[PDB]
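Read the single chain below, which is given as structure tokens and is the form deposited in one PDB entry.
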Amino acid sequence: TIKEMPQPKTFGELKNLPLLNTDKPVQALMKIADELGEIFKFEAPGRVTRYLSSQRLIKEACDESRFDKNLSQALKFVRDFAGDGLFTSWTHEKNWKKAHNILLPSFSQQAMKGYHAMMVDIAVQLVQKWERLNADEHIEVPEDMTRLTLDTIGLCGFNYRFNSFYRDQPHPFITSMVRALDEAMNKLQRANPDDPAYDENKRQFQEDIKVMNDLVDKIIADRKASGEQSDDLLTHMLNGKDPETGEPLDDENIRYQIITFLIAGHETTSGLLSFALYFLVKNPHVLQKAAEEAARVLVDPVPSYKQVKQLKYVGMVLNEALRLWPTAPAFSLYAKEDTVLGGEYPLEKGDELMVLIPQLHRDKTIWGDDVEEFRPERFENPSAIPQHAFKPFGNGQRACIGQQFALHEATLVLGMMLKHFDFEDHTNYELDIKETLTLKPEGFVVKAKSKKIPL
């Protein structure tokens, strides 16, 4: 029969909204899910959504005949600089399907062969940085992983070198992108946004949008003028035509796609590598097994594309890190028509859902009682995992287009890290997860003892 869904504590006219007035709102929602279970209602002035945490309900939310991607308020605020790029467009906007059709072949597993050399260029910069540290210097892990993933998508995205390993202070483009993402997420908990106290925030936001547009528009214009052909996504987007409409992307949409890819490289992938190394140093037997694989497979100075594919256990380590701390921690859906969720929760057309991915990934009915343990071997027999239990890359046609790119880079880089260094958790680091667009382990530091294996 139909059930009334639970709701967390209220704040009078503000309803549930003050629960998210915290620097760690996703972690707050995870604790609410632990208390209330697989579904809860969340109300704010002028809005309602429902947070889902169980595979039982999320499998139904993943039914594209019943639910489509919604732009969360977070993505609506990011859309002020990511425009109608793939991540911040509605499925029904012409530019979504057009860009999807044009870009999907450039993001396939086969396409990764063409990006591999560029990925290796930045991975070798990381390895050399760490080889060149003096005794008992340490590594700032999320900082170096962010230098790597941003530079990798800049080089693969539009043949542009941010040169992050040559800097303390990021490239001006990156400082603007980070400040724009901070303003976007900050606005989720800004009570009176038209207060004159925020005139400076708005001025800075418009300045940061201009910095991002000016660099990307200039590179697109420079490439069109030269006629140069490279192994980058920009070459693919200038050349490509959508088979359906017969149209190419216009220069403005190409700029939004580049900004969108750069947001993605900077946040998700660096978080995944940071969490993977955190779990490895906290689980030395797992670290040893992964290091043994890296030594057995990566027999050449430079990893080959085919060797990265052979790092099976490293791939399982990365999936297990995505299980516990999926770095893009939620996505939003709306009901296409009236429908009943799970035989119990009637929804009206337009009703919204949020998928709380870290909670989904803690469903004991799927994973068993050891759900907080870091055990990559739980990915050894993936045909045994029920549908829609593991969703770190989202769902269906609106799933991450970058999944093969992210996993190729992370497997390459983690493999090289484990080949070249022993790691020490020299501070006995206490996990502290900072929330931006994404999740990452703030203040995570290690020491790395070279195995003295030349590149």
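The term rigid core refers to the maximal set of C-alpha atoms that superpose within 1.5 Å between the two forms. Note that residue numbering follows the sequence shown and begins at 1.
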Per the entry, higher mean C-alpha B factor between 144 to 152 and 369 to 377: 369 to 377
232 to 240 set against 324 to 332, stretch whose average Cα temperature factor tops the other in the entry: 232 to 240
Largest Cα B-factor, entry values, listed residues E93, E131, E293, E267: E267
Maximum C-alpha temperature factor, selected from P301, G271, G85, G315: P301
B-factor third for the C-alpha atom of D68 within its chain: lowest
How does the C-alpha B factor of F173 compare with the rest of the chain: lowest, middle or highest third? highest
For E35, the third of its chain into which the C-alpha B factor falls: highest
Is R179 in the lowest, middle or highest third of its chain when residues are ranked by C-alpha B-factor? highest
Classify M354 as lowest, middle or highest third according to the C-alpha B-factor given in the PDB entry, relative to its own chain. lowest
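Beyond the structure shown, there is the form deposited in another entry, which is absent from this document and is the topic of what follows.
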Candidates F77, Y198, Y160, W367; compared between this form and the one not shown on the rigid core, the one with a C-alpha shift of 2 angstroms or more is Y198
When the two forms are laid on each other by their rigid core, does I174 show a Cα shift of 2 Å or more between this form and the one not shown? yes
Using a rigid core superposition, assess whether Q109 undergoes a CA shift of 2 Å or more between this form and the one not shown. yes
